[PDB]
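Structure first, commentary second.
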Amino acid sequence: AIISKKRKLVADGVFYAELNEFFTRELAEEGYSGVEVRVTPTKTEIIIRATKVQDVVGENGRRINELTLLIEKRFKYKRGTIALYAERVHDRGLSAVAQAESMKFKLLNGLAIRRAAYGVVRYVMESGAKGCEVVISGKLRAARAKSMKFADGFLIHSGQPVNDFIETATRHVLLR
Amino acid sequence: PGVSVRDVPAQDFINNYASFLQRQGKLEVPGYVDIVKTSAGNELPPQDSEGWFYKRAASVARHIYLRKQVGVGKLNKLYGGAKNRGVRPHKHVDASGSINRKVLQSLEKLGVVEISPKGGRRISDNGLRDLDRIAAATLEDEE
Amino acid sequence: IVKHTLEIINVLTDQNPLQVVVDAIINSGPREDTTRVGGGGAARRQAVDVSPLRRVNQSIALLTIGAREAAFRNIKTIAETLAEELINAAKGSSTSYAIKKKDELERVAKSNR
Amino acid sequence: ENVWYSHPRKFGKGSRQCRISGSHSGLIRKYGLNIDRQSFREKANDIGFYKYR
Amino acid sequence: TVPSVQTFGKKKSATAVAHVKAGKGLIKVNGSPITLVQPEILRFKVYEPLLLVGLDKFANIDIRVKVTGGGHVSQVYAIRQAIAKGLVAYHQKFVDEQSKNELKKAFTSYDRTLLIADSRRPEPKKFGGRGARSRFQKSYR
Amino acid sequence: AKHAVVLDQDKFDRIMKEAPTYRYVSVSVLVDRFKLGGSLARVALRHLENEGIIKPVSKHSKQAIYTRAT
Amino acid sequence: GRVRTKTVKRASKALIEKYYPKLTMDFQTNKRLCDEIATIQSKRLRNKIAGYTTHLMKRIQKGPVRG
Amino acid sequence: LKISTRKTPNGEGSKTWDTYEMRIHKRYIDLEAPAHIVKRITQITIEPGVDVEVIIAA
RNA sequence: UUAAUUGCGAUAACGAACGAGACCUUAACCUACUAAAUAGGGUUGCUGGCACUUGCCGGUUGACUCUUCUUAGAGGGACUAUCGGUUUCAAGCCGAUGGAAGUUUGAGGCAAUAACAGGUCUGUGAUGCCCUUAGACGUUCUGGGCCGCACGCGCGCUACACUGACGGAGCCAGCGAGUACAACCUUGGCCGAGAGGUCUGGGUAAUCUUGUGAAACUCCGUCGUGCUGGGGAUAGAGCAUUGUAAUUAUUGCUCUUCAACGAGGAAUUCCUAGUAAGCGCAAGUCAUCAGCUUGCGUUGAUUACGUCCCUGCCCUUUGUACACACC
Numbered sequence: 003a004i005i006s007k008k009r010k011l012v013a014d015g016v017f018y019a020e021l022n023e024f025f026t027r028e029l030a031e032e033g034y035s036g037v038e039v040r041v042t043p044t045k046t047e048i049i050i051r052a053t054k055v056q057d058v059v060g061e062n063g064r065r066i067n068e069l070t071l072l073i074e075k076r077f078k079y080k081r082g083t084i085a086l087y088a089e090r091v092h093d094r095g096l097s098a099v100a101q102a103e104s105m106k107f108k109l110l111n112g113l114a115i116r117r118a119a120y121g122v123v124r125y126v127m128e129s130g131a132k133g134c135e136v137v138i139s140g141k142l143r144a145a146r147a148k149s150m151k152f153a154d155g156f157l158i159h160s161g162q163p164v165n166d167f168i169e170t171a172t173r174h175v176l177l178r
Numbered sequence: 002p003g004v005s006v007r008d009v010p011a012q013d014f015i016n017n018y019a020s021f022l023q024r025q026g027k028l029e030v031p032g033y034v035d036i037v038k039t040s041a042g043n044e045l046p047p048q049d050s051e052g053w054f055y056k057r058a059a060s061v062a063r064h065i066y067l068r069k070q071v072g073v074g075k076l077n078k079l080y081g082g083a084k085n086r087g088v089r090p091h092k093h094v095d096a097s098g099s100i101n102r103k104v105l106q107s108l109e110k111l112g113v114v115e116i117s118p119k120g121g122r123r124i125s126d127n128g129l130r131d132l133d134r135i136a137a138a139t140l141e142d143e144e
Numbered sequence: 115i116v117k118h119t120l121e122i123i124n125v126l127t128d129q130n131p132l133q134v135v136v137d138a139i140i141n142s143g144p145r146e147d148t149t150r151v152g153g154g155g156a157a158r159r160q161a162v163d164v165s166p167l168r169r170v171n172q173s174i175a176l177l178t179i180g181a182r183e184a185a186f187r188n189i190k191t192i193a194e195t196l197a198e199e200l201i202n203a204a205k206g207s208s209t210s211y212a213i214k215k216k217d218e219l220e221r222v223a224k225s226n227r
Numbered sequence: 004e005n006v007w008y009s010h011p012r013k014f015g016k017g018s019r020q021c022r023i024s025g026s027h028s029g030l031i032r033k034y035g036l037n038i039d040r041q042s043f044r045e046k047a048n049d050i051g052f053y054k055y056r
Numbered sequence: 003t004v005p006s007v008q009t010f011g012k013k014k015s016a017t018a019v020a021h022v023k024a025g026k027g028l029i030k031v032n033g034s035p036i037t038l039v040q041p042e043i044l045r046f047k048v049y050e051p052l053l054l055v056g057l058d059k060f061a062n063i064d065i066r067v068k069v070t071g072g073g074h075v076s077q078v079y080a081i082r083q084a085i086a087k088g089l090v091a092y093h094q095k096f097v098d099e100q101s102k103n104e105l106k107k108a109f110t111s112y113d114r115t116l117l118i119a120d121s122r123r124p125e126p127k128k129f130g131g132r133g134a135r136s137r138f139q140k141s142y143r
Numbered sequence: 036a037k038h039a040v041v042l043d044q045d046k047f048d049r050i051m052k053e054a055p056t057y058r059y060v061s062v063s064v065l066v067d068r069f070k071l072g073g074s075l076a077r078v079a080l081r082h083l084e085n086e087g088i089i090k091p092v093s094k095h096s097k098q099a100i101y102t103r104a105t
Numbered sequence: 002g003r004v005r006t007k008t009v010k011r012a013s014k015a016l017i018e019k020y021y022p023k024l025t026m027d028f029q030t031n032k033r034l035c036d037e038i039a040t041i042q043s044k045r046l047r048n049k050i051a052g053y054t055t056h057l058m059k060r061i062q063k064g065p066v067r068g
Numbered sequence: 063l064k065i066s067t068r069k070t071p072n073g074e075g076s077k078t079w080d081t082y083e084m085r086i087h088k089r090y091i092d093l094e095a096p097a098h099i100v101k102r103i104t105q106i107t108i109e110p111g112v113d114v115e116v117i118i119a120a
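Going down the list, the sequences are from chains D, T, F, d, Q, Z, R and U.
The first sequence begins at 3 in the deposited numbering and counts up one residue at a time.
The second sequence begins at 2 in the deposited numbering and counts up one residue at a time.
The third sequence begins at 115 in the deposited numbering and counts up one residue at a time.
The fourth sequence begins at 4 in the deposited numbering and counts up one residue at a time.
The fifth sequence begins at 3 in the deposited numbering and counts up one residue at a time.
The sixth sequence begins at 36 in the deposited numbering and counts up one residue at a time.
The seventh sequence begins at 2 in the deposited numbering and counts up one residue at a time.
The eighth sequence begins at 63 in the deposited numbering and counts up one residue at a time.
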């Protein structure tokens with residue numbers, strides 16, 4: 003303080019942008035959709051929606067207890083003002099970020115390229131969806147640039163009804 | 002009636018004011034007269050030569066009447082205009098500061114301008130008299 | 115400038131100046147203007163007729179071309195030249211280029227008829 | 004340890020830097036962002052910028 | 003007590019507000035009377051609302067205007083649209099309709115906007131070109 | 036330089052001879068006769084407006100039309 | 002180039018077929034009966050149904066139409 | 063709050079421009095009320111995604 | 001027919017999806033709602049001057065009250081409306097009238113399947129493997145170059161003046177932007193022929209810069225058709241400023257130096273209305289540097305309102321010894 007209102011509103015967005023990037027790295031193994039911050043008076047509620055909830059918390063306050071101390075040293079805060087909770091996800095089929103982590107595992111483990119997509123496309127319809135699309139890229143067998151596609155149902159590509167409905171998720175893998 | 006400055010045209014107002022000052026010759030002269038460019042960008046000096054300052058000092062006085070409080074830097078920006086800066090687009094930069102400042106310093110002692118609060122220069126009581134007398138004189142010239 | 119052109123005509127033999135302006139529009143509008151027809155490749159010019167806004171729109175343009183070219187490096191600034199062009203067209207003298215540029219196209223149509 | 008190991012780097016392009024990696028070209032310094040123009044398109048809607056028109 | 007209706011005209015950003023009253027017959031523009039304006043050749047345009055219907059109408063009505071926005075010539079339209087409405091607002095409220103209807107149909111024959119607000123606003127300059135429609139010069143040599 | 040700009044007293048005699056009784060009188064008109072070229076014609080015309088002689092129509096710089104006093 | 006679309010004519014046939022009552026000539030009264038029954042999201046698309054339905058009423062007094 | 067930017071991560075092909083922008087609605091509600099009544103209204107009536115702030119000095 | 005596989009109608013075709021249209025953002029209209037001393041107006045007071053009758057110009061955020069402009073919630077307004085012609089008298093198109101609005105009402109935003117071995121390893125702790133792995137192609141400091149000059153093409157700026165240049169006088173916009181741990185925008189007052197020195201502020205920003213009284217323009221004078229007072233390039237000396245540093249003139253200023261070019265050859269690019277073309281302003285990069293790009297508002301035309309002749313794009317019908325497909 004005393005800072006202008008235009009500068010702090012942009013600085014609020016980058017503060018979150020950093021936090022979302024690190025939790026992508028740190029909660030790669032335990033599952034991770036995103037983060038939802040709510041700055042109330044004094045304290046701040048940081049709700050992490052994840053698949054494996056008890057592993058994100060750890061052994062009765064170990065993972066989150068260490069992670070709360072990390073956020074203090076990054077952005078300059080005291081013990082009490084931050085509280086990292088762990089809640090469940092509202093279904094996997096609609097939340098398209100969850101499928102990318104399961105697909106990332108299946109390629110790293112050593113599972114089929116095409117039949118991984120045939121499994122997940124059914125799961126999207128089983129939850130309760132209109133359509134789906136899974137584009138895998140890179141040199142899928144033999145040394146040349148190639149691509150695949152395993153679509154289903156209705157998929158709308160234009161207009162304003164796009165940002166709200168379609169959940170997207172890009173996630174790169176190696177391998178050798 | 003309603004004798005005000007606005008009934009008299011703005012261009013015709015200064016002609017009666019200029020001749021009024023040259024009869025007395027008591028508005029004072031600084032020293033930089035006809036050793037002058039007039040602005041920061043202006044190839045030829047003043048064509049009027051004699052008189053000249055009395056045209057300038059009159060137009061400064063009437064603008065101080067209409068508005069609350071006028072300063073030195075704003076008057077330079079108002080009088081100043083275009084340039085010819087080589088083979089580039091024509092820019093705008095302020096006029097001569099030393100001419101417009103000594104108008105305001107000299108008119109204080111003659112009895113027109115007053116020192117105002119906050120910042121700038123407002124009008125005296127006796128300053129409004131000479132403005133209206135010349136306005137009334139210009140009203141007689143037309144009518 | 116257009117006010118100064120009309121002040122010249124009021125002085126010259128009294129007269130309403132729009133009567134000279136309207137008569138100038140009549141006497142600088144071509145009757146026949148040829149369109150360039152192909153018919154193989156060469157530029158043969160077939161005789162096509164002209165009406166009605168094309169007679170008015172060309173005539174007003176040709177006056178201003180003759181007016182401005184006359185006052186290109188000249189003391190006789192646009193208003194004096196434009197006033198003379200309308201008098202010459204109204205009183206058909208065969209001197210002003212409003213008439214000559216119209217007359218020289220007459221003329222071209224009849225050769226290919 | 005050694006005496007001379009710096010230059011007056013309080014201005015210009017060399018001293019200024021982005022938050023992510025540290026590129027000295029295509030640097031957005033408007034509103035104190037300090038994120039280069041390649042990564043800004045990636046992180047536009049997360050900060051709150053949108054293509055309305 | 004006195005009849006006051008706040009009429010306003012508009013051409014582009016140039017806006018003007020004509021506060022009419024009952025009295026002697028003032029038609030002032032920024033303090034000065036009607037005969038200044040200050041474009042000088044376009045003094046004749048500002049009379050057009052007056053000279054069509056007549057000076058007899060303004061013997062009761064007292065108008066005064068403050069003009070801001072636009073440029074020099076655009077502000078003349080703002081004054082002319084304001085004075086044109088200034089009569090109609092007075093003649094609609096506190097006078098018989100047949101006088102006010104004669105104003106309407108008089109201004110239709112000499113319709114240079116007057117009562118009607120003009121349609122044209124500026125349009126955005128889009129990328130790649132020196133203007134909206136005008137594009138940059140190409141080369142494939 | 037195409038001559039007729041230099042000040043001569045012999046010409047000043049013939050200016051007053053050819054002053055009265057003409058339709059067109061201006062800076063545009065006098066230069067066509069090869070009289071005082073350019074600005075000195077404006078000064079010559081400024082003399083003829085003082086003591087009657089030729090009366091005005093337009094009063095602009097660059098557009099200065101005059102007509103004889105009937 | 003104001004050719005009305007298929008989705009306008011989808012509603013224009015479906016509305017007039019069932020509800021021939023509550024349809025009489027003018028725009029304003031028939032415009033209030035479009036949003037009555039149907040559930041349109043936008044204003045533009047809602048009012049465009051009222052346009053073509055009212056146009057069919059002008060022709061219905063000058064004989065029938067196919068479909 | 064605008065930031066115009068070229069679309070490419072390198073600068074080849076055709077030249078195209080964007081207008082990434084941030085809106086900001088701004089309101090003011092001026093009370094002529096007592097001191098302790100402001101402590102009530104500030105605690106409640108907070109919904110996430112809105113910047114709460116009070117001056118308490120003219 | 002349409003801007004469009006847009007729709008009418010003809011039928012081994014029937015209904016369907018994606019693309020377009022719809023949707024979203026912005027610019028117009030509202031004297032009707034809901035509102036504000038950070039928006040402006042009226043009643044009036046205290047007061048300053050003025051013509052001397054009632055009235056004219058005001059100076060204060062003294063009081064009272066309000067919503068025409070002004071900002072922005074929340075709604076309506078448009079649907080080719082209503083008529084006239086014109087069509088299997090169908091879908092539409094064209095002439096009036098009402099209307100702020102009648103080209104999808106103006107302009108953008110998002111943008112299908114299928115591809116190109118088009119661009120980027122010089123945005124990257126996005127990256128396969130090859131190289132380089134300390135006498136280092138990692139590095140770190142210091143001088144120099146990316147700007148060398150007989151010569152070509154590409155965008156550009158300023159001119160080839162009198163619709164003009166050189167003087168005063170008059171004097172109006174909208175998009176933006178802006179420091180407290182830095183050195184940001186910076187009025188008012190003094191010093192200076194300039195540039196710029198200094199004392200002070202105010203502003204974390206419809207509150208202060210700021211009314212960003214910006215240009216082109218308006219109107220009287222000076223020159224007048226002579227490479228001229230048009231034009232400003234090359235040049236030399238000094239006075240300023242930003243920097244550890246300006247000599248390879250950083251940047252601006254002050255007198256002098258005063259050229260090239262009298263409307264541009266074949267060719268050739270962009271463009272249907274608040275557009276074209278004059279005109280400046282702001283931002284972007286920025287210790288200091290716009291002849292650049294992206295945005296804004298003033299000044300505001302001539303000329304179509306059609307066509308496949310030219311240059312290329314979409315379908316159908318024909319022919320193929322081609323299928324990494326006429327390179």
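Every residue gets a Cβ at the ideal spot worked out from N, C-alpha and C, and that includes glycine.
Using C-beta distances below 7 angstroms, list every residue in its chain close to residue i, excluding the 5 sequence neighbours before and after it, in chain order.
i	result
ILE15/T	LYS56, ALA59 and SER60
Just to confirm my understanding: we take residue i, look at its own chain, exclude 5 residues before and 5 after, and list those with CB closer than 6 angstroms. What are they?
i	result
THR67/U	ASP80
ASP93/D	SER129
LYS106/D	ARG173 and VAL175
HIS38/Z	none
From the DSSP output, in three-state form, read off residue i for me.
i	result
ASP64/Q	strand
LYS59/Q	helix
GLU83/U	strand
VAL60/Z	strand
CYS35/R	helix
Measuring alpha carbon to alpha carbon, tell me which residue in the options is nearest residue i.
i	options	result
residue 1/T	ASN77/T, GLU44/T, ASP8/T and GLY42/T	What the structure shows of chain T is the stretch from 2 to 144, and residue 1/T is not part of that stretch, so it cannot be assessed.
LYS14/Q	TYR79/Q, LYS107/Q, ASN103/Q and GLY33/Q	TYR79/Q
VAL40/Z	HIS95/Z, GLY72/Z, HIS82/Z and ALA99/Z	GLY72/Z
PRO46/T	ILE36/T, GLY52/T and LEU22/T	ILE36/T
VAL48/Q	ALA84/Q, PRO5/Q and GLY27/Q	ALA84/Q
On the DSSP letters alone, give me the boundaries of the alpha helix (DSSP H) that residue i sits inside.
i	result
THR178/F	167-184
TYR66/T	54-67
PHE46/Q	45-48
Write down the C-beta distance between residue i and residue j rounded to the nearest angstrom, noting that I regard them as a contact closer than 8 angstroms.
i	j	result
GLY155/D	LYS132/D	5 angstroms
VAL7/Q	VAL22/Q	6 angstroms
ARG122/T	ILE65/T	6 angstroms
Kindly indicate the opening and closing residues of the beta strand (DSSP E) around residue i.
i	result
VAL41/D	36-41
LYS84/T	Note, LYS84/T: premise wrong, no beta strand (DSSP E); not H, not E.
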